[PDB]
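*Asks:* Next input, structure requested:
(2 chains, ligands or ions: 4)
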Amino acid sequence: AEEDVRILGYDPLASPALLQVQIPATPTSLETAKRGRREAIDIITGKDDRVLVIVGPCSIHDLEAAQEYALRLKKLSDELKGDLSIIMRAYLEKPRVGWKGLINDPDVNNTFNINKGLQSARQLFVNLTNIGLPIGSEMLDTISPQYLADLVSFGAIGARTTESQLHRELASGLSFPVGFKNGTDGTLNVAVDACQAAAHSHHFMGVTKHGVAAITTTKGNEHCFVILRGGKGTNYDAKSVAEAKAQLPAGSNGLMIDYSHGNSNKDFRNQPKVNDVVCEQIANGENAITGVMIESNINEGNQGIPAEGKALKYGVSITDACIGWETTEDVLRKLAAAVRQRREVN
Amino acid sequence: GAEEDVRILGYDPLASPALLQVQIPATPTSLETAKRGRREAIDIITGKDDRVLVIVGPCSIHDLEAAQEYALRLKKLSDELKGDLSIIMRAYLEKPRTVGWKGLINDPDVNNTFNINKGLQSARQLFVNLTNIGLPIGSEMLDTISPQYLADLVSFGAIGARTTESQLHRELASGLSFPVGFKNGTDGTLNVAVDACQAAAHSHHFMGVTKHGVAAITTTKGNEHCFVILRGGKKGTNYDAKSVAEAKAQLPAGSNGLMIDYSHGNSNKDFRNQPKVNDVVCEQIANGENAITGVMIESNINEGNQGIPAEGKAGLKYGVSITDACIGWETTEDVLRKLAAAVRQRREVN
Ligand SMILES: N[C@@H](Cc1ccc(O)cc1)C(=O)O
Ligand SMILES: N[C@@H](Cc1ccc(O)cc1)C(=O)O
Ligand SMILES: [Mn+2]
Ligand SMILES: [Mn+2]
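*Replies:* Numbering: from 1, shown residues only, chains lettered A, B, ... in the order given. Ligands and ions are numbered 1, 2, ... in the order given. Here you go, the structure:
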């Protein structure tokens, strides 16, 4: 009998329940999460005319820098809350080459420690939600969300998994809105199909809170939407948006636009130009644009990890390039103005 | 309180991999055959062997008895063509949906109900039944849990077009005990499949399950037996001399040989195109194309496909797919004899 010839070992994993006791959610974390969800729901279904904003770092390698970022984001959020509902990006990895993410390599020293990773991720998420800021993250697989789901207001399925049956089944049992990205080829038919699929009940192999594989029956998720993110070209302009709307069946949730990634084509400086174009549409009465996504840090750009380890410029991304804090301020103020102007066209 | 499991109707218990592997024991012939298909696929894709690897059989197995019959014929044809073709039966369990049968694992009674436990039983009993006659099998690797129930029996695993980009499926592949084919993207380009073969070569840590059914961090070695499967897509069919040359142009140093799926995007919404694909491919091969080391074919006892009727399972035509349309046995046997001949020609040219 020949099995496990390419398995080096099975390493012990703390169960979700074990981590949920060890790093407990505060009342404020839990309330913050549920509020982010309600607000998101009202925006994507058209009941609120504010725009949903998912903004923050490409990924979080540094919990302390992330806390200092979050505080600025939260104060900005208090001021702009008439117009914008703000959820911080609390993403753990970048689509894989270079740094393997906070779950895999939380000490940013190219080793593995998935257990300490899940602890860091959970501690992060609690730290952020506890100051009253809702968070969003990528839904990576069927296991890790069980460690974190109590804290999350928004879940994303990346371009690379929108087609994946398992991620569509998973999205169908999650306790929050899920955005599906358009395919890496730059078409959205895959994200429309994901939304439809995810709206139905499925059965997938999940894990229970005690860390055992079990058959998991889902209810279906009515709060999935499509996220425009470019690809093979950019797709944030009015013609692209018109074609996107032409593909959504009646009763669709609103569209979200990502300013980064394929939309900014290899230059983070392009994010504010994406905002200008998206604001012009929203100002002019485009009610189908209900969300945006922005890769923002304290300081702009990105950096490689140098011979010296985790010790690295503070508040600078080690995955995708971000716009810096002051650009983010300008960018978000200008969006809120668009929002108010759309109100008056309406 | 916490707001979790709003959209979870429940959690049902699963027999563990090890429980199932005791309850449906593999025979010494099942285990030898699985090791043998592996060795042979390995030799072909890495160029130690000039036969062609053929993954051939139904789109999906909904009927164990009809597959068993299919298999008896395929094994007799294979005994006869073994100088030229290494044959592995498609023993696939699902098809990519948005209506339709949910597969053998989800819905083993083919009646729009769900019994996952009975389903993994049917799958594993099916793989034992097939491999027990000395026929090796391949299947799609769907997630990180199901393979743990069946991996002892598998010679070939496939990652479909819709998951080739998925990090989790690349990671899985890096720890599987057998060769893995990654299909090119639904857009008809293969960069995503080359990237996946590269990634799967490496060591990864993924969240899998032990043999006793508990989630564990599963550390892998890397899988040096991954290859690319050409299956068409939105750019067009890719089984022609030109497409293969553009394929070859993108393979990195160290890459294993190419497989050509005659079906799916390459049949272009018509199963009767698979013999035509074969001729075009058989022609390249016979004139000296050594970069084509594999083919994939959707084949059943009888041709075509069918919906599931109101009457249910009892209303089904025997030996006819309920998922993608397949060529019939007669036409498969022809396709495979011309294929075997192309391989013979190729030997002469070299
Ligand atoms: N047992 C599988 C490897 C595997 C698959 C899935 C899993 O969760 C763990 C381990 C093999 O020999 O190929
Ligand atoms: N607990 C998740 C649902 C879930 C995710 C993953 C899983 O394996 C089981 C169940 C939620 O509230 O969204
Ligand atoms: Mn990013
Ligand atoms: Mn098929």
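
*Asks:* All the helices of chain A, residue numbers only.
*Replies:* Applying DSSP state H to chain A gives helices spanning A:16-22, A:27-44, A:63-79, A:114-130, A:165-171, A:189-198, A:238-247, A:271-283, A:325-345.

*Asks:* Need the winner for burial among those helices.
*Replies:* Most buried of the helices of chain A by mean neighbour count (mean count of other CB atoms under 10 Å in any protein chain shown) is helix A:165-171; its value is a mean of 26. (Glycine included, C-beta is placed from N, CA and C.)

*Asks:* Residue B:116: which of the helices of chain A is closest?
*Replies:* helix A:165-171 (12.3 Å; CB to CB).

*Asks:* just checking, what packs against the closest one?
*Replies:* strand A:154-157, helix A:189-198, strand A:203-207 (3 or more CB pairs under 8 Å, 6 or more residues apart in numbering or on different chains; DSSP states H and E).

*Asks:* quick one: contacts for the closest residue to residue A:11 other than its chain neighbours?
*Replies:* Leaving out its chain neighbours, the residue that sits closest to residue A:11 by CB to CB, 6 or more residues apart in numbering or on different chains is residue B:217, at 4.0 Å. Shown in contact with residue B:217 (CB atoms under 8 Å, 6 or more residues apart in numbering or on different chains): A:10, A:11, A:12, A:13, A:114, A:115, B:205, B:206, B:207, B:208.

*Asks:* tell me, which of these make contact with ligand 1?
*Replies:* residue B:208 (CB under 6 Å from any ligand atom).

*Asks:* just to revisit the earlier point, bridged to the residue nearest to residue A:11, which residues?
*Replies:* residue A:11, residue B:207 (DSSP bridges).

*Asks:* Spatially central residue in chain A, please.
*Replies:* In chain A, the residue lying closest to the centroid (CA atoms, centre = their mean) is residue A:137, at 3.8 Å.

*Asks:* Please report how far it lies from ligand 1.
*Replies:* 23 Å (CB to the nearest ligand atom, to the nearest Å).

*Asks:* again, but for residue A:149
*Replies:* Residue A:149 sits 22 Å away from ligand 1, taking CB to the nearest ligand atom as the criterion.

*Asks:* Same check on residue A:154?
*Replies:* Residue A:154 is 29 Å from ligand 1, by CB to the nearest ligand atom.

*Asks:* ok, now residue A:45?
*Replies:* Counting by CB to the nearest ligand atom - residue A:45 and ligand 1 are separated by 38 Å.

*Asks:* End to end on stretch A:194-213, go ahead and measure it.
*Replies:* For stretch A:194-213, the first-to-last residue distance is 24 Å (CA to CA, to the nearest Å).

*Asks:* Say whether ligand 2 is contacted by it.
*Replies:* Yes: if you take CB under 6 Å from any ligand atom as the test, stretch A:194-213 does meet ligand 2, through A:206, A:207.

*Asks:* and what of stretch A:28-48?
*Replies:* No: on the criterion CB under 6 Å from any ligand atom, stretch A:28-48 is out of touch with ligand 2, staying 10.1 Å away.

*Asks:* Return the distance of that stretch from the chain's centre.
*Replies:* 15 Å (CA atoms, centre = their mean, to the nearest Å).

*Asks:* Stretch A:75-83 too?
*Replies:* The chain centroid and the centroid of stretch A:75-83 are separated by 20 Å, computed with CA atoms, centre = their mean.

*Asks:* Can I get it as CSV, trimmed to CA atoms?
*Replies:* Extracted as CSV, the C-alpha positions of stretch A:75-83 are listed here (Å, rounded to 0.1, in the frame of the first residue of the first chain):
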residue,chain,number,x,y,z
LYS,A,75,-10.9,58.6,13.1
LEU,A,76,-11.3,59.3,9.3
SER,A,77,-14.2,56.9,9.4
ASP,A,78,-16.0,58.7,12.1
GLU,A,79,-15.8,62.0,10.1
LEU,A,80,-16.9,60.4,6.8
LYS,A,81,-19.6,58.1,8.1
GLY,A,82,-22.4,60.2,6.6
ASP,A,83,-21.2,59.2,3.1
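
*Asks:* Look up how far ligand 2 lies from residue A:212.
*Replies:* Taken as CB to the nearest ligand atom, the span from residue A:212 to ligand 2 is 11 Å.

*Asks:* and the residue of chain A nearest ligand 1?
*Replies:* Nearest residue of chain A to ligand 1: residue A:3, at 3.6 Å (CB to the nearest ligand atom).

*Asks:* Residues of chain A that sit close to ligand 3?
*Replies:* Those residues of chain A that sit near ligand 3, judged by CB under 5 Å from the ion, are A:58, A:320.

*Asks:* For chain A, give the residue positioned nearest to ligand 4.
*Replies:* residue A:165 (13.9 Å; CB to the ion).

*Asks:* So that residue versus ligand 3, what's the distance?
*Replies:* From residue A:165 over to ligand 3 the distance is 24 Å, taken as CB to the ion, to the nearest Å.

*Asks:* Ok, residue A:82 next?
*Replies:* 29 Å.

*Asks:* and if you look at residue A:32?
*Replies:* Taking CB to the ion, one finds residue A:32 at 24 Å from ligand 3.

*Asks:* what do you get for residue A:340?
*Replies:* Per CB to the ion, residue A:340 is found 29 Å from ligand 3.

*Asks:* Also residue A:219?
*Replies:* 31 Å.

*Asks:* Next, the distance between the ends of stretch A:308-326.
*Replies:* Stretch A:308-326 stretches 29 Å from its first residue to its last (CA to CA).
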